[PDB]
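Protein chains in written order, with my numbering: chain A, 34 to 168; chain B, 6 to 313; chain C, 52 to 243; chain D, 72 to 171; chain E, 105 to 279. All C-beta atoms in this analysis are idealised placements derived from N, C-alpha and C, irrespective of residue type, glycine included. What follows is one structure encoded as structure tokens, with my remarks underneath.
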Ligand code: SF4
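Okay, here's the thing in structure tokens:
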């Protein structure tokens, strides 16, 4: 009973599920055929747009950096479902891959303005797991 | 076939070509001058790079007006400079309509923006071209009246009669309203910084300079600056003293005053922020046009009062 | 020095010698062309994740810039955008890869990260390390300026060889080897 | 024997300006290897056209300002009064403000 | 200034001939622009400097501006009319053309039979137009101002939007 249940972070042409334990957490062999295919999908996504997959008058894609699908009654915005997942670094899956000590730079690279603020919660939760009372 | 009339004619042709090259290199050099004020061989390097780059015709466009819009943007406000006299014996055009011709050129200046907006097969570029064209029409409507203040003071359209009527008093001080209206109209028509890039209020609008690469973009890049230098020349020859000075030679005085006015334009680049589009149109329709009409009526009453 | 050429990631490049070792008018004209391409370079700072503030604080319409700075991480959903923006540009074109994320996978060897920009488009100049300083970018501008200053590209598409020539430059690590090895002492990290 | 030289100078200036632009463009080329916009834009263009044609009467007035006496000043004054009445009508109705 | 007049007339006739039998309208408007420029050159060649300067100031600097503004505004390329190609069919092309050409030959027969004193010099500047514009012809420009005011009122009342929006997709009968 969930409306527009689709892939939000990964592209819609994805085979498996990333955070599942049997999914290999490595970059595969970069075949240029997939790149050309995805470029061709990006080519006709604006003219042959299908307003049924996104859960949606004129339809456009307005280009952190991300694109949002915009439906307009003239110039008035009627519906808007933003497209995210374009910066998916996979922090949690690598959190399953790195040790407790080696995840600290990955904790920095969540948001760039925060940094030390970003590594505070991971360090405090790891101290909670270990049972460390800092002075 | 050596005759002195042919020698004098060829000397006049030489005068025409040296004034063309000097205005072109003046615009090209103080492009870098403004970029430093915000290495003169850097423009030569840029010209070499632009010459050794392929012009892209878009496959959805046509090969005529896409290249003819930078043609208008360069040459229309280039031949606007043919009117300007720099000296009693160094003028290239002594025809009677010395103000109407600049009005022709400024009227044809909107063609470049409109044709570029259609030529870029892009709805946002078309909307941006509509905004810019509406602005430049809304200011070139009273550009003519700002010039007609000085025209009515000096009688005829000829710039020689203008600068000879500037003998006793320059036209800047009796007509300051005409001066500021002409400055505002020349800023807006040539797309100078405060009345520039009207895409700032809508993200469904884009510039007409987009999809122009290489030589077709360099034509705009040098055309706006040749336009601002010929607008400065128009300004000095109309409101200030054209070639008029006590001691230094007249062409030196003309160059000094032109340089002074585009350093004033650099000060304009530095000081004021960009107003909103509605404020720009409301200003140019409600304040400037009645003020210059009142200026024309006032200078008419003045020139008919002390007519003895 | 030796030269590589590309003529018409899967392309073929082999070692040749420059044609200027053999018309003295063409040698001066090609040098002037390389000089003009050197001192006038327009970058296209690509908007990506988090080397932006290093290109924001260092100091721009596309298709007029002959230089492209690929800065952030190259993802599977963003790589076609990179390829489309690269083919939007017109030759001659050069690429600077900022940060580790553009040189390589860059700390992300994971399923959703393309391992470097080299996988789909060639890169001319690399800058290593998580976020590089703008001075490193400006030194890379020097590096690509001198690399552009020594090339052999065709002047026109009517007469001449229809292949651009890249220079097999000496690497910066061997050139700086004496100055880097000959470092005796450093400041201790207990002070500022 | 001077205006012919001036016309010749005008001609070579125009011809060599278009020729310089043509050679510049072809030297750049040779080397290297259903919607609707609005109606207010049309309205402001029409304002420009009508006020430019009234400005034409002001253009022709400005050259003969002295040779026509005070009666010509009165006629141009009532012309400008009609022009400003139209402009203030346009101001007061609300068809001149943008409000994006 | 006679060969300039003849060549300007010839390219004006050619430009308006390409205007009449064109397909996409923006190129036809460009051809009309250069035709108006040529007629302005004709005006300059006959001593009417004010007339040619006016043609490029007003007729080519404002009126063709309105035409291209409308065309570039509502986005016609001649769609659904280029593919029909009615004007490049002959059974419609002979009739009006030979009728209006019969008009052409009869009106140029009416042209001849008038004495030829030639176009003289003495170019009439804007000063003469000014002194005869506010002398005998005062009510001409006063009621022409009234006429332009009426035209502005008519076209503003007819052609305003009545809807809010700087981007509008086309609805039938305006919603
Ligand atoms: S190199 Fe570092 S700072 Fe730059 S994009 Fe990658 S994670 Fe961000």
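Around the beta carbon of residue 195/E, fewer than 16 other beta carbons sit within 10 angstroms, so the residue counts as exposed.
Using a CB distance cut-off of 8 angstroms, residue 91/A counts as an interface residue toward chain E. Sorting 116/D, 109/D, 149/D, 77/D by C-alpha distance to the C-alpha of residue 170/E places 116/D at the top. Residues of the segment 94-115 of chain A with a Cβ closer than 8 angstroms to any Cβ of chain C, in chain order: 97, 98. Residue 267/B and residue 99/B have their alpha carbons spaced roughly 26 angstroms apart. In this structure, DSSP gives residue 104/A an extended state, which the three-state scheme calls strand.
When DSSP states are grouped into helix, strand and coil, residue 142/B belongs to the helix group.
When rounded, the separation of the alpha-carbon atoms in residue 134/E and residue 66/B is 16 angstroms.
Proximity of residue 162/B to chain E, defined by a Cβ-Cβ separation below 8 angstroms, is satisfied. When only Cα atoms are considered, residue 142/C and residue 102/C end up about 26 angstroms apart. Just measuring C-alpha positions, the residue of 10/B, 300/B, 36/B, 223/B sitting nearest residue 92/D is 223/B. Residues of the segment 270-292 of chain B with a Cβ closer than 9 angstroms to any Cβ of chain D, in chain order: 281, 282, 283, 284, 285, 286, 287, 290, 291.
About 5 angstroms separates the CB atoms of residue 199/B and residue 279/B; that is less than 8 angstroms, so the two are in contact. Shown in chain order are the members of the segment 105-122 of chain C whose Cβ falls below 9 angstroms from a Cβ of chain B: 112, 113, 114, 115, 117. In this structure, DSSP gives residue 91/B a state outside helix and strand, which the three-state scheme calls coil. Assigned with DSSP and collapsed to three states, residue 276/B falls in helix. Residue pairing by DSSP places residue 57/C opposite 215/C in a beta bridge. The Cβ of residue 90/C sits closer than 8 angstroms to at least one Cβ of chain B. Among the residues facing chain D, residue 76/B is included, as its CB has a counterpart in that chain under 8 angstroms away. Here residue 151/E has 225, 226, 227, 228 as same chain residues with Cβ atoms under 7 angstroms from its own Cβ, once five neighbours each way along the sequence are excluded. For residue 91/A, the enclosing beta strand (DSSP E) stretches over residues 91-95. The C-beta of residue 81/C has 16 or more other C-beta atoms within 10 Å across all chains shown, which makes the residue buried. Taking all protein chains shown into account, residue 213/E has fewer than 16 neighbouring C-beta atoms within 10 Å of its C-beta and is therefore exposed. Note that the C-beta distance between residue 244/B and residue 184/B is below 8 angstroms. Where residue 92/D is concerned, the enclosing alpha helix (DSSP H) starts and stops at 74-101.
Taking 8 angstroms as the upper bound on Cβ-Cβ separation, chain C lies near residues 46, 47, 49, 50, 51 of the segment 35-51 of chain B.
When 8 angstroms is used as the limit between beta carbons, residue 123/A is near these residues of chain C: 159, 161, 162, 163, 164, in chain order. Of all alpha-carbon atoms in 80/D, 122/D, 103/D, 108/D, the one lying nearest the alpha-carbon of residue 257/E is that of 122/D. Between residue 136/E and residue 177/E, the C-beta gap is not smaller than 8 angstroms, which leaves the two residues out of contact. Among the residues facing chain A, residue 131/C is included, as its CB has a counterpart in that chain under 8 angstroms away. In terms of Cβ geometry, residue 92/A and residue 106/A do not form a close pair [threshold 8 angstroms]. At a cut-off of 4 residues, the continuous stretches assigned as alpha helix (DSSP H) that sit fully inside the segment 127-163 of chain A are 137-141, 149-163. Within the chosen limit of 7 angstroms, the ligand SF4 reaches the beta carbon of residue 100/C through at least one heavy atom.
Comparing alpha-carbon positions, the option among 244/E, 115/E, 270/E, 129/E lying closest to residue 138/E turns out to be 115/E. For residue 123/D, the neighbours in chain E by C-beta distance under 7 angstroms run, in chain order, 162, 166.
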